[PDB]
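For the protein sequence lines, the chains are A, M, a, E, V, F, B, W and L, in the order given.
So for the first sequence, the authors' numbering puts the first residue at 1; every next one is plus one.
So for the second sequence, the authors' numbering puts the first residue at 1; every next one is plus one.
So for the third sequence, the authors' numbering puts the first residue at 1; every next one is plus one.
So for the fourth sequence, the authors' numbering puts the first residue at 1; every next one is plus one.
So for the fifth sequence, the authors' numbering puts the first residue at 1; every next one is plus one.
So for the sixth sequence, the authors' numbering puts the first residue at 1; every next one is plus one.
So for the seventh sequence, the authors' numbering puts the first residue at 1; every next one is plus one.
So for the eighth sequence, the authors' numbering puts the first residue at 1; every next one is plus one.
So for the ninth sequence, the authors' numbering puts the first residue at 1; every next one is plus one.
For each residue, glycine too, the CB sits at the ideal point set by N, CA and C.
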Amino acid sequence: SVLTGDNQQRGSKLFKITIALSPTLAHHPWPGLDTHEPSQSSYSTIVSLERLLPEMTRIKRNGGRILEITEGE
Amino acid sequence: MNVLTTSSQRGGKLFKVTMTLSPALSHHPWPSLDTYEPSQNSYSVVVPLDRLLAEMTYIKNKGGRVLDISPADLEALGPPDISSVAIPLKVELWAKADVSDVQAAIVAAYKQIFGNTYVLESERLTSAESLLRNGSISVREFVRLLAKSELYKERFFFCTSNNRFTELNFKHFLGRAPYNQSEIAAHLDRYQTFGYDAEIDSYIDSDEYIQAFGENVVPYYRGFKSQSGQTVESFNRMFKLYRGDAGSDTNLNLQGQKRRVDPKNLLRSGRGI
Amino acid sequence: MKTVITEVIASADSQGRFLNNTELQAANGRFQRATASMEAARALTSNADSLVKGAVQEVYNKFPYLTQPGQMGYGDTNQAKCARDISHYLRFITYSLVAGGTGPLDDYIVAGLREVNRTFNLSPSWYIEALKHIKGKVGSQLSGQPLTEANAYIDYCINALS
Amino acid sequence: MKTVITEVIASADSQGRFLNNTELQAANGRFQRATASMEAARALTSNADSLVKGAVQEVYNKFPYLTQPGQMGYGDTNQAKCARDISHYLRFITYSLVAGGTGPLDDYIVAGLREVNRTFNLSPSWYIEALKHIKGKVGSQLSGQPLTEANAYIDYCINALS
Amino acid sequence: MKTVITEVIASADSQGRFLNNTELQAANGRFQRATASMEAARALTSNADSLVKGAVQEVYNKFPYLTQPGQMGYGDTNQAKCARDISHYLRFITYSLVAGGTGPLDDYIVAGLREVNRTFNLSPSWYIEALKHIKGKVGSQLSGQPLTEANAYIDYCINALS
Amino acid sequence: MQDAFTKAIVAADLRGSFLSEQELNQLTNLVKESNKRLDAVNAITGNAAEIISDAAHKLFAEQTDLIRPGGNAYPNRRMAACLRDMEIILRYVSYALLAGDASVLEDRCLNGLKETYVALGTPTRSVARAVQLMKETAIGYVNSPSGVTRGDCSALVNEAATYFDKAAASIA
Amino acid sequence: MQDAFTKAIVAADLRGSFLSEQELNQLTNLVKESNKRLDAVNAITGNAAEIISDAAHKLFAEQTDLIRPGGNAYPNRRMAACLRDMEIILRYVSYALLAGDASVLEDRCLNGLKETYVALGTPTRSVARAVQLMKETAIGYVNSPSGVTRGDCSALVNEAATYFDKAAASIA
Amino acid sequence: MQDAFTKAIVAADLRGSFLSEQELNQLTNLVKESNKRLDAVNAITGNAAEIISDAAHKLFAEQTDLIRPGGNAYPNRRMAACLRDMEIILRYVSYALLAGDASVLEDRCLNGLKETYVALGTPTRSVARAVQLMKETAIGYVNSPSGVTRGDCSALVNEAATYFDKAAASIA
Amino acid sequence: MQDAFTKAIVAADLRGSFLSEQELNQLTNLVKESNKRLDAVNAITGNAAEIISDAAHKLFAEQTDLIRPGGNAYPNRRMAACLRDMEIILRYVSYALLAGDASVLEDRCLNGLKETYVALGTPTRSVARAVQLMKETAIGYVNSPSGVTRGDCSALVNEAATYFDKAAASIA
Ligand SMILES: *[C@H](C)[C@H]1/C(=C/c2[nH]c(/C=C3N=C(/C=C4\NC(=O)C(CC)=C4C)C(C)=C\3CCC(=O)O)c(CCC(=O)O)c2C)NC(=O)[C@@H]1C
Ligand SMILES: *[C@H](C)[C@H]1/C(=C/c2[nH]c(/C=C3N=C(/C=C4\NC(=O)C(CC)=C4C)C(C)=C\3CCC(=O)O)c(CCC(=O)O)c2C)NC(=O)[C@@H]1C
Ligand SMILES: *[C@H](C)[C@H]1/C(=C/c2[nH]c(/C=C3N=C(/C=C4\NC(=O)C(CC)=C4C)C(C)=C\3CCC(=O)O)c(CCC(=O)O)c2C)NC(=O)[C@@H]1C
Ligand SMILES: *[C@H](C)[C@H]1/C(=C/c2[nH]c(/C=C3N=C(/C=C4\NC(=O)C(CC)=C4C)C(C)=C\3CCC(=O)O)c(CCC(=O)O)c2C)NC(=O)[C@@H]1C
Ligand SMILES: *[C@H](C)[C@H]1/C(=C/c2[nH]c(/C=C3N=C(/C=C4\NC(=O)C(CC)=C4C)C(C)=C\3CCC(=O)O)c(CCC(=O)O)c2C)NC(=O)[C@@H]1C
Ligand SMILES: *[C@H](C)[C@H]1/C(=C/c2[nH]c(/C=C3N=C(/C=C4\NC(=O)C(CC)=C4C)C(C)=C\3CCC(=O)O)c(CCC(=O)O)c2C)NC(=O)[C@@H]1C
Ligand SMILES: *[C@H](C)[C@H]1/C(=C/c2[nH]c(/C=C3N=C(/C=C4\NC(=O)C(CC)=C4C)C(C)=C\3CCC(=O)O)c(CCC(=O)O)c2C)NC(=O)[C@@H]1C
Ligand SMILES: *[C@H](C)[C@H]1/C(=C/c2[nH]c(/C=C3N=C(/C=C4\NC(=O)C(CC)=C4C)C(C)=C\3CCC(=O)O)c(CCC(=O)O)c2C)NC(=O)[C@@H]1C
Ligand SMILES: *[C@H](C)[C@H]1/C(=C/c2[nH]c(/C=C3N=C(/C=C4\NC(=O)C(CC)=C4C)C(C)=C\3CCC(=O)O)c(CCC(=O)O)c2C)NC(=O)[C@@H]1C
Ligand SMILES: *[C@H](C)[C@H]1/C(=C/c2[nH]c(/C=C3N=C(/C=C4\NC(=O)C(CC)=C4C)C(C)=C\3CCC(=O)O)c(CCC(=O)O)c2C)NC(=O)[C@@H]1C
Ligand SMILES: *[C@H](C)[C@H]1/C(=C/c2[nH]c(/C=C3N=C(/C=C4\NC(=O)C(CC)=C4C)C(C)=C\3CCC(=O)O)c(CCC(=O)O)c2C)NC(=O)[C@@H]1C
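Take a look at the structure:
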């Protein structure tokens, strides 16, 4: 997701993170086995350095792995 | 307790009064020091409006003290209907959402995140809304922004206690009510060192949030239906935290921000700390 | 865009469930109505222009001062705009009749209505008269259900404007 | 409970808006259909019993071994239950016809179907036959739209069971 | 529930005092008697049925008209009830023997007896015969104190009924 | 949620029975009125804005103090709320009218409403008043429409009333 | 989302014009077919379970390796997914069929599906195959009902096909 | 109230049945023990005063602060209460012991007690402690009498314990 | 959470002391039984499904009304819940059995269970009944296993009972 402007209000250096998505990370609210969205198997988000460690750890424990990290600017 | 009649045979609005009983007020007909029955530490009476003044003065002139007064009509009302929260409904914000769908999410988010509480045109956040619908922000991320926003802080966090703010938070971010005294204690400590932003972050970041409505689903009420690792009492606490439809979390009302869940009730579900 | 058909699909889709009898019943309702709706649209489409002239005009009668110099109603550009605008309203209404939902109206006209109007100092009132005047004329060319439909949509805007 | 009418209300309610033309169209659909639906229900309600006997029976023909001792089909209690159950299915179906939505079916029959069936080792298959046999009989007493409606609902269950 | 043991506790409790010798003496009485009481219960429990048949029957002999059509004694439902009821009386009596107090009788049978009987037009008389007939039979299977106990309780009801 | 049909079902269910023929005939009849029923709703929705606007004016002409400093409709912020509330109540009422059942109105709207108002210090009396003012105006439209086939709507009109009144009562 | 009607509107909008009379006549006739259209949909939904069940059996009889250890439909967990997916695709197709427009199908189902399948190592070819197997079975029902008024459904049948095929293609 | 006998009855009643032969044999046995049971009770009641006196001394030797200004057993007035309470609990326990059932104890005495203590600021822990201290002393007598026929009272002794413990727990 | 060991610790802590030698010997002994303890648990878990299944059958044969329209176990959805609940209770009981302590069970499960049940209208007595039915079946397995070294499990068996009973009581 290309940042239109600095997403976060609170300010630090921001880094774009592209992740391969497990069904768990974004389960659809559907009956049966939850499916992540087809259109994005690789969600990309913008994160502040402070949040970067929590975001990565949560991504890690869920199936999906970091495809790439890029500084948001 | 339940009150069986709203009004006395002679017309007169009954009012339930709750006091802490004192040995003088009622005592066993026994030898030795007078003792009130332990079970009635908090006694309740329904009195007509006429005798209310006399009743209350007498209570107070003894060592009694009044816990609260409440009109009998509000009392002896049905427990709120759970119809709308038994099955929440749920909103998904697809990618390539058309204009209307994005609008629906937004509305739904404001509803759940703020309680019934009304958000005025000036209060509403264009910037955050802007981001959603040209991508860039997840529903999850919008939700974070709302809880960061001053609007949120002014209603929930700046008026009431941090004790109250926690459960207030639980309900908005997770349908659940809080289970156990520990959860309340953990959040309080988080807030003291990390501050307000970190605490808000810890509910959205939590896996319980992720497991249900993890991304791109507006939060819905999980409580009122059976959840994993949820104390049975939590379900009862959900009835205290959630009063009817068209009942809100309002700083505005007299003594607006108080605790729906008594501290003792939390202790029952679990103790340890 | 909100029409009957799109909605039931949406609802079905959200739950993740096949379209069952429930939804089809609804659909059946729409399309049954369509015959009347379609008729109404043919009628508006044809008389468009004349309706527009009449409306614009009306507005000026209702608010004479607009035509005075230094006002908004004054000088041709503005009149042209005024015409254009009402045309639009009409256009959309027809659309909505045919689509069988408010959808078209909501997305073109209604969403953002207020702010636009505020920033350019267009008084809702005006538009409203336009519409009302229209409604009155339409109340001759049409009749029965066709009419009823026409009204519904016209009103829908009145309420949104006000 | 999910019926056409409840849904449109719900949708209207979510968006926070008055019922506009969109929804009424839908409602209208439900009401016009009702006449057929209602007819169907009168027909099923009357022949209930006979349908039930026939079904239960069928099941046994289809699965002879059930009636052998030490099986589930064996001994009257079980037969009684078997009857009871099918009655229910039927009952609900009628309800749904009248309510004009799957609602009644969903909440009584379908929700929790699987687990119940698993824990008591009721084989979906059985029920299904029952239904099918029924469907076939109904395919005589009814005709045209009334019939069509009856089917829809009957099937809806087949699919839920399977 | 009123038994010897509960009462002395109650009395002790009211005054706010420990159980002293006075009460224990009383308790002791209850326990000594029990052996006989218990015996009696074993005897009634076993012959229950036979006692019941005999009683119901008797009642009809005593009040022939009951069995005529349009009366209360007439038609199986009523007979079934009649049986049921007497069973109950018996059941409770046994209970009371074992509990060593009228308690069980008072709370199940006696309290509200009148009004029930009035509202449904059950004539106490009937019950009474039942009991009497019973008492007579019991007067064979039992003997000595066991007997005496049985009587006491049986009577207690007669008096309550009358 | 609930409505006329579903309701009758539920009743029947607890008895454990197919729907009584008598009961069908309630619903059968109810269907026949549909068209009328619909138009009624349509009339409210079409006039919504106005209904409110109107009622408000009258409310404030009567209870001048509400709009005076220290009153409950002052200042702007409060006024706004008061308007919106009126509207909501209306919205629900309409919904009910279509459903043919009070429920939706009771559960979403009326339940807890009194207590809220109390906690805020909003004067329940005045609220109730407003609701009635609305009622009368609304009926006005329901009952006097244009381009509709003429016939008797009374039955519907009364049911409408009742809904308004349930509201008035439970708030008050 | 979008559908036949909405679509035509949108086009007209960009031209800035009222709908052409010609264009109305598309929609006018589209309406007339409704009843047929509906029944078609009804037929799919009614037979759903079966359609799938069937297709699957055939799919696995053909490509035995999918169900062998090392294949993509093994073990159970995977198998389950594979079934689920088939169904979904079907569900969408139906939706489209009602709308009278591919869009819904393309946007909320097909788009990105290929790539997903690729990343997982699911063989897109086989998926496509399944979709066709489904197609044929489905048409089977659409085209051979009982107790419906007899007439020609071809027009609808073909459109149905196309939807299935768009699916097959974009996955493949 | 309730007690062992009545209890069994009640159970039987809900089943709707005569007492099970098995169940009788519980009661039959219970009778046989009576004499033992009685003596047990007699022992407590006879020594009551002492039991308490004793326990108290020990309680206050341990938790010196209770009797210091600012503590909960100070001043006299409070001390008095504390003694009284201990006694009561004892009284009930005895009652239970005779009945052969906890109920009486739970319902009249224990129910609500914790919360009371809490509200007052009485330290529940200490209360519980006292109860135990009592327990041990009491058993002491029950178990070591003079002029009673020698035999085994264990069964009763344990039941006694349990009662004390229910108390300790619910207070704590 | 808590369990046998942890508990003893905590007690010791409030006295402020190192663990009594006597007290160690409780724990020392407790360890020795482990193996027995484990097998007990293993037996429950192994038979779980059946224990429930069984109990249910019997529960519904007795209390016919639960499964009749208007009863609490009707319709399916409700029935399902009732089954689910039974299981849960069982699950906990097992947990306790392993821990060697009631705690885990009551605070998570029984502390609000009665109140919930009340709000729902579920008849507490029937629930209790179910719990017992389960108890008996369960013990059945615990006590009669195959391929285990023969010896005495009574001690464990009784403790198991108690857990079941705490459940029954607090629900009831
Ligand atoms: C003594 C071991 C501990 C102690 C006791 C204590 N209790 C109170 C006050 C009350 N205690 C009770 C208890 C009961 N009332 C009942 O009716 C029953 C049985 C049915 C019980 C067991 C009650 C109700 C009171 C409060 C009112 C009254 O006086 O009756 C106190 C004094 C508290 C005060 O501030 O008044 C004390 C001290 N507390 C200790 O210090 C010991 C550890
Ligand atoms: C107007 C007729 C009268 C009035 C109303 C008034 N209401 C509020 C505040 C709230 N009222 C509600 C109402 C509802 N909540 C719901 O969800 C529904 C149904 C779904 C209703 C009708 C709520 C939620 C609030 C609280 C939130 C908020 O105030 O933002 C006020 C404002 C109270 C204040 O002191 O700010 C007022 C004024 N009061 C009058 O003066 C009229 C008699
Ligand atoms: C007619 C009653 C009066 C009038 C109108 C008038 N409008 C503008 C400017 C605008 N009007 C609109 C309206 C629309 N444009 C759209 O695209 C839509 C939705 C499809 C609508 C309803 C807009 C957006 C504008 C802003 C600029 C523009 O014209 O596009 C003016 C010009 C006012 C100015 O100073 O900007 C006028 C005068 N003219 C009259 O004579 C009446 C008083
Ligand atoms: C008939 C095809 C076969 C059969 C059936 C049978 N059913 C049961 C037990 C149950 N069946 C149901 C079904 C329902 N009850 C409901 O309330 C609803 C929803 C409205 C349904 C669909 C249920 C819930 C039960 C379980 C509880 C009960 O006691 O009924 C049995 C008995 C199984 C058992 O005793 O464990 C049987 C045999 N009987 C036959 O002969 C056919 C093979
Ligand atoms: C038998 C001597 C005669 C008789 C009896 C008869 N009884 C009833 C109805 C009731 N009888 C009772 C009695 C009891 N029910 C209880 O709960 C208890 C205490 C536990 C008792 C003793 C009750 C309460 C009823 C009313 C409820 C019911 O009827 O189910 C009837 C039915 C009369 C009626 O329905 O009007 C009858 C006929 N009939 C005979 O054959 C004898 C003359
Ligand atoms: C009643 C409050 C007032 C009134 C109403 C009225 N309407 C009809 C008949 C119809 N009205 C409609 C309207 C609709 N049907 C729909 O499906 C929709 C939503 C899409 C609407 C708005 C229709 C179609 C009919 C039938 C055709 C016709 O208009 O004749 C009647 C006649 C009674 C009847 O139809 O059985 C009446 C009385 N008219 C009044 O005088 C009341 C003030
Ligand atoms: C079945 C004919 C073939 C097959 C299917 C299969 N799919 C997956 C996994 C996924 N399939 C999808 C498809 C969708 N998810 C959606 O949300 C939608 C609608 C928008 C579709 C169509 C997705 C996203 C997944 C990934 C996550 C999931 O578990 O659903 C598998 C398992 C893949 C794995 O290795 O885990 C399978 C087997 N593959 C075959 O082998 C069949 C020929
Ligand atoms: C086409 C795939 C096959 C077929 C269809 C067919 N249907 C009709 C006519 C009707 N079909 C319906 C069905 C519905 N209308 C609804 O509102 C709903 C949802 C509630 C459905 C399912 C209706 C009502 C009609 C009108 C007349 C009737 O009673 O059938 C036809 C006849 C042509 C027409 O549209 O009038 C046909 C051909 N039958 C075939 O032969 C095809 C294989
Ligand atoms: C148990 C804690 C200790 C114990 C008891 C014990 N008692 C007996 C026997 C009897 N004790 C009594 C006591 C009473 N009976 C009464 O009626 C009353 C109240 C007025 C009392 C106090 C009696 C009468 C008997 C029977 C005759 C006798 O001489 O005791 C026994 C003997 C066994 C039995 O049940 O008969 C025993 C063992 N003995 C101990 O060593 C325990 C410490
Ligand atoms: C079955 C043996 C008996 C029975 C039970 C019953 N329970 C419900 C519904 C609920 N029970 C619970 C309780 C729990 N929540 C928990 O977390 C735990 C374990 C710690 C329990 C035990 C809850 C929360 C529900 C609500 C479930 C939901 O909202 O879906 C029902 C169904 C009633 C209903 O309307 O939900 C039943 C039947 N009652 C009986 O009839 C049996 C004797
Ligand atoms: C008790 C209900 C029944 C019973 C139990 C019993 N078990 C043993 C001995 C052992 N049990 C186990 C089992 C385990 N230990 C583990 O670590 C695990 C998990 C991996 C299990 C399941 C073990 C290892 C032993 C030791 C060897 C053996 O099997 O004997 C005994 C023997 C006495 C003792 O262990 O002290 C007994 C009696 N046997 C019965 O007959 C009871 C009904």
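Query, Result
"Looking only at its chain, what residues have a beta carbon closer than 7 Å to the beta carbon of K135(V), apart from the 5 residues adjacent to it on each side?", "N151, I154"
"Within 10 Å of its beta-carbon, does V52(E) have 16 or more other beta-carbons around it, so buried, or fewer, so exposed?", "buried"
"Pick helix, strand or coil for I137(M), following the three-state DSSP scheme.", "coil"
"Any idea if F158(M) is buried or exposed, counting beta-carbon neighbours within 10 angstroms, 16 or more meaning buried?", "exposed"
"Pick helix, strand or coil for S7(M), following the three-state DSSP scheme.", "strand"
"DSSP state of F60(L), grouped into three classes?", "helix"
"Going by other Cβ atoms of all chains shown within 10 Å of its Cβ, with 16 needed for buried, is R30(V) buried or exposed?", "buried"
"Below 7 Å, is the gap between the Cβ of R114(E) and the nearest heavy atom of ligand 6?", "no"
"Measuring alpha carbon to alpha carbon, tell me which of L77(M), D197(M), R243(M), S22(M) ends up nearest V3(M).", "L77(M)"
"Nearest by alpha-carbon distance to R268(M): which of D98(M), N236(M), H27(M) is it?", "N236(M)"
"Taking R37(B) and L156(B) to be in contact with their CB atoms under 8 Å, please state how far apart those CB atoms are, rounded to whole angstroms.", "6 Å"
"Counting Cβ pairs closer than 8 Å, one from the region 20 to 35 of chain M and one from the region 71 to 88 of chain W, do we hit at least three?", "yes"
"So is the beta-carbon of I88(L) under 7 Å away from any non-hydrogen atom of ligand 10?", "yes"
"Is the beta carbon of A40(L) sitting closer than 8 Å to the one on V104(L)?", "no"
"For ligand 3, I want to know if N61(a) counts as a neighbour, meaning its beta carbon is within less than 7 Å of at least one of the ligand's heavy atoms.", "no"
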